[PDB]
Each structure stands twice: as structure tokens, then as C-alpha cells.
Amino acid sequence: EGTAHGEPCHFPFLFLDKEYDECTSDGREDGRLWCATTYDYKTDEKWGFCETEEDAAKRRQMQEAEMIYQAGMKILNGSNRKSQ
Numbered sequence: 115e116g117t118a119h120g121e122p123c124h125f126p127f128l129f130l131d132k133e134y135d136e137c138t139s140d141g142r143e144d145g146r147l148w149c150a151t152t153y154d155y156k157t158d159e160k161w162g163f164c165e166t167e168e169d170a171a172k173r174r175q176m177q178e179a180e181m182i183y184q185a186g187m188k189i190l191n192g193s194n195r196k197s198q
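Here's what the structure looks like:
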């Protein structure tokens, strides 16, 4: 399942053997309020920020753009056809 950025997480989650009923910044130095979409954060390692998640959207857009770019580059380096 990976990491759940930009997903709901209102339900309290277990973190360092301590349940939190709201957004907390424990475990991070930047102080960002992060949330876990699962009951136990230690096992599934599912967590996400409580903010607007603009960073997550930028990350997803960057990943999609990189995938498109690498596909195009393997297309270009894979053939010398002008239409390719």
C-alpha cells in the first residue's frame, strides 16, 4: 500500500505505543501535523500530512512527468525512425 499521502485519517492512530485523537507533529523535527490512515502506524507505515498536501500533489505530478520522460527517452534511444 506504500505511504498514504492526501487521504483521510480522522480515526485515532497508534504511534510509539500512544494513540492520538487529532493531528500531531510527534516524531518529526519540522513540526508538520501528520496523520496515519491506519490504526497502527508501526506495521502498515501509512501516514500523511493534515495540511493541503500541495507537496504530495507536486510529488505525484513529478513522478508522472518522470515516467513520461523516461518512456519518451527510451523511445528516442530505442529507434532512429524520424516518426519515432
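Here the sequence shown is numbered in the entry's author numbering, starting from 115 and rising by one per residue.
For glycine and all other residues, C-beta sits at the position ideal for the given N, C-alpha and C.
The criterion of a C-beta distance shorter than 8 Å is satisfied by residue 153 and residue 125. In its own chain, leaving out the 5 sequence neighbours on each side, no residue places its CB closer than 6 Å to the CB of residue 138. Put simply, the backbone Cα of residue 117 is about 5 Å away from that of residue 160. For residue 164, same chain residues with a beta-carbon under 6 Å away, outside a window of 5 residues either side, are 137, 147 and 149 in chain order.
Taking C-beta atoms under 8 Å as the contact rule, residue 166 and residue 122 fail to qualify, at a distance of about 14 Å.
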